[PDB]
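Just the one chain here, the form deposited without the partner chain, laid out as structure tokens.
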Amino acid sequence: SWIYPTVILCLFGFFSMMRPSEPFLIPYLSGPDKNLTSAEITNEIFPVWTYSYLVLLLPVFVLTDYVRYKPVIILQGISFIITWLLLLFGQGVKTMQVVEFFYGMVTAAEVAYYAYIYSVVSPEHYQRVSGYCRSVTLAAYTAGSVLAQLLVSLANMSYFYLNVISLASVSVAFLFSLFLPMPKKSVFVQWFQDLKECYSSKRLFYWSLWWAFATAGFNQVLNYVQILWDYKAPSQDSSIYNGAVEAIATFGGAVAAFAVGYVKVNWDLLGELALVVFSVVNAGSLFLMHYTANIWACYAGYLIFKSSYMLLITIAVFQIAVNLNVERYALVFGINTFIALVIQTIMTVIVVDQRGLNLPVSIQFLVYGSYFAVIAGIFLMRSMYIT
């Protein structure tokens, strides 16, 4: 039944995201072992991830369905071993740009990871599995963060051994990906015409329109929420309080994702109302983050925002999967992720890039809340227009 592929994919997505080195990547990179600097990390290393993410998304979303979703998952596994082997034994900027290239491979193939299970189970489970998948990944993340925040503070574990544990985790995920069951088989304008037949599905260009625009703002909030927290209450101890909050904000999101899989609720006839309710919830949380000068209220707002967004994106992925009616599971997921990344890049050029408006983080989250309020009102007025 659905149990075996779902369990194997959940194990892969757990051990491939249970990465203790993620919260402490910068202290690892800028430190006594790697010996990098904050200039070479944010200007010569980090943008390589974005560039590699866009271009590797290009073949990822074109060719994933054709190769039946397993080799890209296996390619993600091999990229995990290469990325962390180079992180473990890499020196100089040149090697870390290769690390960023392979992490772009990993992040692009996450799209294949999310679509493989849809390619392998019956549509009747497409809801349950959906939540489970998202849930375990988020769970993995918080576990990793916890296994970080515990170890470094209760075993004096150097970041080198954190990355060793991370490599051990992602290598076992490679073995789990090796055991994934293989899904069964089945000019330029023609492809586009097929795309025209793929995005014409019922309520799938609408959920796609939410996915393309909402997750761009979500990634912007993810990137700059740490800066907002540092601006709100600049303290030397916040390093142990920021990530932990995210460790309890991702976990809550996991629960929200687990809400989609577990409960049996007809989403087809209620997905629009849930979409508008949780979109205005995201907007209200983001305005709650910006307006209140209290770090605890801001933490609660971030938790609410992350949980509601994770619930909404789980619903979006499930609703796209059921309504797709074509095998191009990763084509829609990949194109949605690529468009979301393009929108996020354009917005980060406009709002925070020094060549644009150069808005500080005080107004950064006001702009993000306004962006999400526009998303909600566009989607809320659509429901009224239909009725």
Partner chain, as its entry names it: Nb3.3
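Residue numbers count along the first chain shown, from 1.
Keep in mind the form solved in complex with the partner chain is missing from the figure; the text below concerns it.
Contact with the partner chain in the bound PDB entry, defined as any heavy atom within 4.5 Å, is confined among 249-257, 205-213, 112-120, 88-96 to 88-96. Mapping the unseen interface onto this chain, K34 counts among the residues with a heavy atom inside 4.5 Å of the partner chain in the bound PDB entry. Although the partner is absent here, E327 sits far enough away that none of its heavy atoms falls within 4.5 Å of the partner chain in the bound PDB entry.
Of the heavy atoms in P360, some are within 4.5 Å of the partner chain in the bound PDB entry.
Among residues of the shown chain, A39 is one whose heavy atoms approach the partner chain to within 4.5 Å in the bound PDB entry.
Contacts between 47-77 and the partner chain, taken as any heavy atom within 4.5 Å in the bound PDB entry, involve no residue at all. Compared with the form shown, the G261-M17 C-alpha separation increases in the bound PDB entry, the change being 3 Å or greater. In contrast to the form presented, in the bound PDB entry the C-alpha positions of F46 and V349 draw closer by 3 Å or more.
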